Amino acid sequence: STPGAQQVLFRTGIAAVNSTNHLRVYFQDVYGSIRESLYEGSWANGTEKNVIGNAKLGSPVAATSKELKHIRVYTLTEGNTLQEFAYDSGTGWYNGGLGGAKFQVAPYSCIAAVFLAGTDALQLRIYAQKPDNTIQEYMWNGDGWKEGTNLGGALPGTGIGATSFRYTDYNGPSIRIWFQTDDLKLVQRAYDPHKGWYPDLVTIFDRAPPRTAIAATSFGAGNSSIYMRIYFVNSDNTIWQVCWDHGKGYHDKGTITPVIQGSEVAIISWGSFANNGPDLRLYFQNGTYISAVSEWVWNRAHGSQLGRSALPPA
Ligand SMILES: OC[C@@H]1O[C@@H](O)[C@@H](O)[C@H](O)[C@@H]1O
Ligand SMILES: OC[C@@H]1O[C@@H](O)[C@@H](O)[C@H](O)[C@@H]1O
Ligand SMILES: OC[C@@H]1O[C@@H](O)[C@@H](O)[C@H](O)[C@@H]1O
Ligand SMILES: OC[C@@H]1O[C@@H](O)[C@@H](O)[C@H](O)[C@@H]1O
């Protein structure tokens with residue numbers, strides 16, 4: 001290993017945000033602190049000086065952004081309440097207002113978070129699992145945190161993936177979320193502006209490991225068209241990808257890359273098929289220096305490739 005890699009919690013929560021190829025990756029260190037590594041032409045940071053806050057050991061870690069002007073990172077306190085580490089350009093890092101509400105969730109809850117796409121002002125939807133094992137939406141619409149729509153029951157401790165995009169022929173944002181139900185299937189729920197939440201679950205995978213990591217992204221929004229990619233850790237100790245492509249639907253799935261048993265997963269994307277993209281980046285643990293976080297890359301030039309073998313601080 002390396003001294004730096006040793007500071008990374010084994011099976012750490014992982015989150016990532018980006019403005020095109022300007023990247024931030026969040027993880028938890030062995031002391032419970034949440035740290036930020038970054039890519040700005042090269043990889044840096046992830047050290048004890050790059051701590052944005054503290055969370056319970058083993059906490060989920062979720063993050064979302066508006067470019068890199070506004071970043072929000074969500075974790076659980078020791079008290080199993082949702083908290084928010086917030087960054088705005090010109091202000092820096094601070095404790096976000098979500099913590100004031102002190103929302104208790106299940107101790108084993110995961111978290112997903114999105115800024116809603118294409119809206120006039122900043123709007124956030126956070127998803128977590130309550131002690132009754134239902135998936136609850138929490139909203140920020142500019143005037144305090146409030147519970148939004150309850151999305152019903154899921155496997156206790158389920159992974160939660162989420163994405164928001166705006167169809168260019170609609171006047172409001174769409175949301176897709178993915179999680180695991182008691183039957184061990186992975187499923188999607190969906191919000192569109194003209195329908196609200198659709199009543200049905202859409203199966204994306206028949207049987208997944210219990211509490212497997214789930215991470216999602218979307219890109220290339222157009223007129224009634226979108227592209228999406230969902231990632232999870234399968235029973236073969238590899239990340240699998242499920243593809244939604246416009247005109248083909250959920251048409252393919254397969255292995256991507258090996259991971260450690262019980263690795264967490266994060267995904268970011270940028271660009272689109274129309275402009276020599278997309279670019280995809282996955283972050284996970286595959287045993288590099290034992291506990292380092294590694295990267296997988298997809299791009300138009302070279303397709304599927306391992307990227308940075310060990311993120312900072314490794
Ligand atoms: O533009 C983003 C960068 O793309 C490739 O160069 C990767 O090797 C690198 O780790 C980073 O993801
Ligand atoms: O624009 C986003 C910001 O970029 C750098 O300033 C980082 O040091 C900071 O933590 C944040 O990620
Ligand atoms: O614009 C988004 C908002 O930014 C700050 O006001 C936060 O305190 C709040 O929780 C939310 O994240
Ligand atoms: O626009 C997104 C939607 O915003 C509100 O209407 C929420 O009640 C709903 O669950 C969803 O998040």
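Nothing fancy with the numbering, it's 1 onward along the sequence. Numbering of ligands and ligand atoms starts at 1, following listing order. The figures that follow rest on heavy atoms only: side chains count, while hydrogens, waters and symmetry mates do not.
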Would you say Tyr127 has any N or O atom under 3.5 Å from an N or O of ligand 4, going by distance alone? no
Taking only heavy atoms of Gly96, which atoms of ligand 3 are found under 4.0 Å from at least one of them? 8 (O)
Check: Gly97 N/O within less than 3.5 Å of ligand 3 N/O: yes
What atoms of ligand 3 come within less than 4.0 Å of a heavy atom belonging to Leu98? 10 (O)
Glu84 neighbourhood, listing ligand 3 atoms whose heavy-atom distance to it stays under 4.0 Å: 7 (C), 9 (C), 10 (O), 11 (C), 12 (O)
For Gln83, which of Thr75, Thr77, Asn95 qualifies under side-chain hydrogen bond (donor to acceptor under 3.5 Å, both in side chains)? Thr75
Examine the proximity of ligand 2 to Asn45 and report which part, side chain or backbone, both or neither, has a heavy atom under 4.0 Å away. neither
Between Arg125 and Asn141, do the side chains contain an N or O donor and an N or O acceptor separated by less than 3.5 Å? yes
Numbered atoms and elements of ligand 2 in range of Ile71, under 4.0 angstrom, heavy atoms: 2 (C), 12 (O)
Please work out, at 4.0 Å between heavy atoms, whether the side chain, the backbone, both, or neither of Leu124 comes within that distance of ligand 3. side chain
Distance under 4.0 Å to a non-hydrogen atom of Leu68: what atoms of ligand 2 satisfy this? 1 (O), 2 (C)
Name the closest protein heavy atom to atom 5 (C) of ligand 3, giving the residue it belongs to and the distance to 0.1 Å. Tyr94 OH, 3.3 Å
Closest protein heavy atom (residue, atom, distance) for atom 8 (O) of ligand 4: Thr149 OG1, 3.5 Å
Would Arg24 count as being in polar contact with ligand 2, using the rule that some N or O on each side must be under 3.5 angstrom apart? yes
Looking only at protein heavy atoms, what sits closest to atom 6 (O) of ligand 4 is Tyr191 OH, 3.7 Å
Can you find an N/O atom of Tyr74 closer than 3.5 Å to an N/O atom of ligand 3? no
Heavy-atom contacts with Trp145 under 4.0 Å: which atoms of ligand 3 show up? List them by number with element. 9 (C), 10 (O)
Are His194 and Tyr170 close enough that their ring centers fall under 6.0 Å? yes
Is there a side-chain contact between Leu9 and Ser291 (heavy atoms, below 4.5 Å)? no
Using a strict cut-off of 4.0 Å, indicate which atoms of ligand 3 neighbour a heavy atom of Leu122. 1 (O)
Among non-hydrogen protein atoms, atom 12 (O) of ligand 4 lies closest to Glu137 OE2, 2.7 Å
Between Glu36 and ligand 2, which residue portion shows a heavy-atom distance shorter than 4.0 Å: side chain, backbone, both, or neither? side chain
Looking at atom 4 (O) of ligand 4, what's its closest protein heavy atom, distance included? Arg125 NH2, 3.0 Å
